[PDB]
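Asks: Got a structure for you, questions after.
Residue numbers (the entry's author numbering), protein chains in the order written: chain A, 1036 to 1085; chain B, 1 to 126; chain C, 119 to 158, 174 to 234, 258 to 264, 278 to 334, 356 to 549, 583 to 768, 782 to 789; chain D, 642 to 690; chain E, 297 to 334.
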């Protein structure tokens, strides 16, 4: 019955779920975690990956 | 020809502190990891202690465990043999020598040093 | 005696003219109301020095700059005499406290002369101002900029400062200010951005007047007090003793090659010993050997003698080198040997030992009292591999203590991150390592040693807000920290590391916790009014009888 | 740009003048200390009616 | 691996059964076929 309010709450929770899931995507990088980038590469190339 | 030159002997009794400079010329020096030896009469060539090119490591035998410490120099291209607590039998011919550069650390066989110097003789009189 | 830096320390940072504009600029500056030192003398030059003199007849004469200024190296000087300034970088023998009665050079109370200096990008910068004053032993409350006068492109290393005859001296700090420019281009007013929350509001809005409202200016981050690391166990080391003690020693004719894998190397056991007869590692440092991982370790118990001890190694050839074990040109390995004949041989002679001669082994019959030049010594050398198999020969792993109920940076077997740890009622499975939320993030971990389930909570964070009535009317501000418990707010905003104008609101006598966060600076009342500055969760604030009140609308 | 004689008052040492957008609106002569306005050269669209 | 009680003969048992980790031996061999031993 209260479909509209459910739609708003779900569409706001999701699409905020996706923002969290985007935090773990390399986007072509070697790893999607900054720590792995920091302690694996010297600044000249860690900089481009970060 | 390498002229490994030594100076710093002393006639002082137990307690006097002296240094053993080992200067060479005509050859690579900073890179040469070199350690000190001696030829005690009544004994054969023996190992005392050693230092390395960056002053990175040290190894002391059990007859100079607290008596001798080693420290290098950079500008005049020389290593010293610091010392304390003289022993009555310790007087002998002291021969620092040279070996081709080692990655790190020390080799303690008295033969391991190939280019041998002239020597600096300390004196202990009892 | 100390003085407060009343609205002083402002200088032109850039050679640009601006009319009727505010410019939020970041550079080294002397903070508003910071502490300056009076003197009646060697001082350091951390980044910059703000110098003031209050004298009657040009009594003060000159200065000496540099690092040690003993003429042993470069030392800058500034001198003045009879309306003439002589400047140099020459090296004279400088005295301990010089007084009066070469790569470059230069030539040339009743009045207040102000001098502020710094060095950036190998240049010398001077900003100065001369002010008319006639009062004694105080810093006048006045606002005026410092004017750039001289530049010296020396690039001298300066860390030491000297004065030659008020000695007000203050240091420059990396702080951002909101400059104000008038139509004539003179700096009319300035705001230190870390003096107080009202300064924060002015910096964010780029204005010297801010009206009624709640203005979110700064984020708020708790920092790890320390860091911790955990690890699975103490150790499952190899039996290095087995190939090390070697009472039943190996035969040189076929040198015993031992394959070692799947352990936690006790590199420290014979590395931190300092009780070893023969050590000399080539190709890998003997210091950080305890922090390395390799695939397959080959330890060879080899037979050596008094003279042939160093023969079997790169750089030396010999019979043991030629026949039994020949070292390569670029061996990556160490030499380890117990050098004693009391154990290496038996009483009456160790004839059983044999050294390869027709290569075929000649008996190594060491006598019981055999000479040092003939004494056998068990020789061991370790070679490490990188094969198509997991490297398991690794150093021991140092594990720190598990400190809970605090913001810390942890490292749990490489599953690492920063958070606050709390023991949980959550139960894992005996094979499970860590937990995860709906959105796939770490929330719960299992301590490798005590096998307990901990909850990881993000280090407290959030945003700061300033509640203030218009500065046109009042200058008091109430600060609200968002979504935080009141207990940790002062130290989390770095209470000790702040000017007292900030510490007065970092803690207080009026700390109120709301659903929207923790509010400091407004005593809560129990009356109700048509709320004017909305706070959140029904709470609003206003200026009333005077102070700021927090109430439910 | 179009360098024109300016009427504003730079400080004696100041050499540049920038507007709200951090864009130069006045420049001083390197030799004679003449301060001049900088107005970008004309541009615009062309519409066919 | 998993071991569970069941009493039936001649046919595959129904029902769901998760299989927990048992051993992960780190050897770098290559495998293409396997044999069982009775």
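For every residue, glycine included, the Cβ atom is placed at its ideal position computed from N, Cα and C.
Starting from residue 639/C, find everything on chain A with Cβ-Cβ shorter than 8 Å and list it in chain order.
Replies: Translated into positions along the third chain, residue 639/C becomes position 416. Residues of chain A passing the Cβ test: 1070.
Asks: Check whether the Cβ atoms of residue 135/C and residue 284/C lie closer than 7 Å to each other.
Replies: Start at 1 with the first residue of the third chain, and residue 135/C comes out as number 17. Start at 1 with the first residue of the third chain, and residue 284/C comes out as number 115. Against a cut-off of 7 Å, the Cβ pair of residue 284/C and residue 135/C comes out as no contact.
Asks: Using 8 Å as the threshold, is the segment 584 to 591 of chain C in touch with the segment 524 to 541 of chain C, meaning 3 or more CB pairs across them?
Replies: yes
Asks: When you compare the CB of residue 662/C with every CB in chain A, is at least one pair closer than 7 Å?
Replies: Stepping through the third chain from its first residue, residue 662/C is reached at position 439. True, the Cβ-Cβ gap to chain A drops below 7 Å.
Asks: Classify residue 208/C: buried if its beta carbon has 16 or more other beta carbons within 10 angstroms, exposed otherwise.
Replies: Position 75 of the third chain, counted from the first residue, corresponds to residue 208/C. Its Cβ being crowded by 16 or more others within 10 Å, residue 208/C is buried.
Asks: Is the separation between the beta-carbon of residue 139/C and that of residue 371/C shorter than 7 Å?
Replies: Your numbering for residue 139/C matches position 21 in the third chain. Your numbering for residue 371/C matches position 181 in the third chain. It is a contact, given that the beta carbons lie within the stated cut-off.
Asks: Can you tell which of 652/C, 747/C and 547/C has its C-alpha closest to the C-alpha of residue 668/C?
Replies: Here residue 668/C is taken as the residue at index 445 of the third chain, counted from 1. Nearest of 652/C, 747/C and 547/C to residue 668/C, Cα basis: 652/C.
Asks: Which residue comes first and which comes last in the alpha helix (DSSP H) that contains residue 44/B?
Replies: Counting from 1 along the second chain, the entry for residue 44/B is found at position 44. Neither: residue 44/B is in no alpha helix (DSSP H) and is coded neither H nor E.
Asks: Is residue 1044/A buried or exposed, if buried means 16 or more other CB atoms sit within 10 Å of its CB?
Replies: Along the first chain, one-based indexing puts residue 1044/A at 9. The residue is exposed, with fewer than 16 neighbouring Cβ atoms inside 10 Å.
Asks: Going by DSSP, name the residue or residues bridged to residue 258/C.
Replies: Along the third chain, read from residue 1 onward, the residue named residue 258/C stands at position 102. Answer is none; residue 258/C lacks a bridge partner.
Asks: Are at least three pairs of beta-carbons, each pair with one atom in the segment 79 to 86 of chain B and one in the segment 56 to 63 of chain B, less than 8 Å apart?
Replies: Touching, no.
Asks: Does residue 680/C come out as helix, strand or coil in the three-state DSSP assignment?
Replies: The residue you call residue 680/C lines up with position 457 of the third chain. Three-state DSSP puts residue 680/C in a strand.
Asks: Going by DSSP, name the residue or residues bridged to residue 540/C.
Replies: Within the third chain, residue 540/C is the residue found at index 350, counting from 1. For residue 540/C, which the question treats as bridged, DSSP gives the partners 589/C.
Asks: So, is residue 321/E buried or exposed, given that buried needs 16 or more other C-beta atoms within 10 angstroms?
Replies: What you label residue 321/E is simply residue 25 of the fifth chain in a count that begins at 1. That one is exposed.
Asks: Counting contacts by CB-CB distance shorter than 7 Å, is residue 611/C in contact with chain E?
Replies: Reading the third chain from its first residue, position 388 is the one you call residue 611/C. Yes - at least one Cβ of chain E is within 7 Å of the one on residue 611/C.
Asks: Within 10 angstroms of the Cβ of residue 3/B, are there 16 or more other Cβ atoms? Answer buried if so, exposed if not.
Replies: The residue given as residue 3/B occupies position 3 in the second chain. With fewer than 16 other Cβ atoms within 10 Å, it is exposed.
Asks: If you draw a straight line from the alpha carbon of residue 729/C to that of residue 387/C, how long is it in whole angstroms?
Replies: The residue given as residue 729/C occupies position 506 in the third chain. The residue given as residue 387/C occupies position 197 in the third chain. Approximately 10 Å between the Cα atoms of the pair.
Asks: By DSSP, does residue 320/E sit in helix, in strand, or in coil?
Replies: By one-based count along the fifth chain, residue 320/E stands at place 24. In the structure shown, residue 320/E sits in coil (DSSP, three-state: anything other than H, G, I, E or B).
Asks: Could you pull the start and end residues of the beta strand (DSSP E) that residue 1071/A belongs to?
Replies: Here the question's residue 1071/A lines up with position 36 in the first chain. Residue 1071/A -> not in any beta strand (DSSP E); alpha helix (DSSP H) instead, spanning 1069 to 1073.
Asks: Contact between the segment 474 to 490 of chain C and the segment 443 to 463 of chain C: three or more CB pairs below 8 Å?
Replies: yes
Asks: Using a C-beta cutoff of 7 Å, does residue 102/B count as contacting chain C?
Replies: If you number the second chain from 1, residue 102/B lands on position 102. By this cut-off, residue 102/B is an interface position.
Asks: Select from 674/D, 661/D, 644/D and 643/D the residue whose C-alpha is nearest the C-alpha of residue 650/D.
Replies: In the fourth chain, residue 650/D corresponds to position 9, counting from 1. Among 674/D, 661/D, 644/D and 643/D, the Cα nearest to that of residue 650/D belongs to 674/D.
Asks: Tell me residue 11/B's beta-bridge partners as DSSP assigns them.
Replies: By one-based count along the second chain, residue 11/B stands at place 11. Residue 11/B is not bridged to any residue.
Asks: Taking the alpha-carbon positions, what's the residue 297/C to residue 318/C distance?
Replies: Stepping through the third chain from its first residue, residue 297/C is reached at position 128. Stepping through the third chain from its first residue, residue 318/C is reached at position 149. Rounded to whole angstroms, residue 297/C to residue 318/C spans 7 Å at the Cα level.
Asks: With a threshold of 7 Å between beta carbons, is residue 262/E in contact with chain C?
Replies: Only positions 297 to 334 of chain E appear in this structure, which leaves residue 262/E out of reach.
Asks: Residue 500/C and residue 107/B: beta carbons closer than 7 Å?
Replies: By 1-based counting over the third chain, the position of residue 500/C is 310. By 1-based counting over the second chain, the position of residue 107/B is 107. Contact flag set, yes.
Asks: Below 6 Å CB to CB, which residues in the same chain sit around residue 155/C once its five sequence neighbours on both sides are set aside?
Replies: Position 37 of the third chain, counted from the first residue, corresponds to residue 155/C. Excluding residues within five positions, the ones whose Cβ falls inside 6 Å are 359.
Asks: Can you tell me the Cβ-Cβ gap for residue 287/C and residue 395/C, rounded? I've got them flagged as a contact below 8 Å.
Replies: In the third chain, residue 287/C corresponds to position 118, counting from 1. In the third chain, residue 395/C corresponds to position 205, counting from 1. 29 Å between Cβ atoms; not a contact.
Asks: To which residues of the same chain is residue 679/D closer than 7 Å at the C-beta, ignoring the five residues directly before and after it?
Replies: Taking the fourth chain and counting its residues from 1, the one referred to as residue 679/D is at position 38. The residues are 642, 644, 665, 666, 667 and 668.
Asks: Under a Cβ-count criterion, where at least 16 other Cβ atoms within 10 Å of its own Cβ denotes burial, should residue 1066/A be classed as buried or exposed?
Replies: For the purposes of this step, residue 1066/A is taken as residue 31 along the first chain, with counting starting at 1. It counts as exposed.
Asks: List the residues of chain G whose Cβ lies closer than 8 Å to the Cβ of residue 471/C, in chain order.
Replies: Given the protein chain composition of this structure (A, B, C, D and E), no chain G is represented.
Asks: What is the rounded straight-line gap between the Cα of residue 527/C and the Cα of residue 28/B?
Replies: Within the third chain, the letter at position 337 stands for residue 527/C. Within the second chain, the letter at position 28 stands for residue 28/B. About 30 Å.
Asks: Let me check one thing: in DSSP terms, what residues is residue 757/C bridge-paired to?
Replies: Within the third chain, numbered from 1, the residue matching residue 757/C stands at position 534. Under DSSP, residue 757/C forms a beta bridge with 763/C.
Asks: Please go through the same chain and pick out, in chain order, the residues whose beta-carbon is closer than 6 Å to the beta-carbon of residue 656/D, but skip the five residues on each side of it.
Replies: Numbered from 1 along the fourth chain, position 15 holds the residue referred to as residue 656/D. Cβ neighbours of residue 656/D beyond the five flanking positions: 669.
Asks: For residue 1069/A, I'd like the list of residues in its chain whose CB is within less than 7 Å of its CB, leaving aside the five on either flank, ordered along the chain.
Replies: Along the first chain, one-based indexing puts residue 1069/A at 34. For residue 1069/A, where only same-chain residues beyond five positions count, the Cβ hits under 7 Å are 1085.
Asks: By the 10 Å Cβ neighbour count, where 16 or more other Cβ atoms means buried, how is residue 406/C classified, buried or exposed?
Replies: Position 216 of the third chain, counting from 1, holds the residue named residue 406/C. Exposed, since its Cβ has fewer than 16 Cβ neighbours within 10 Å.
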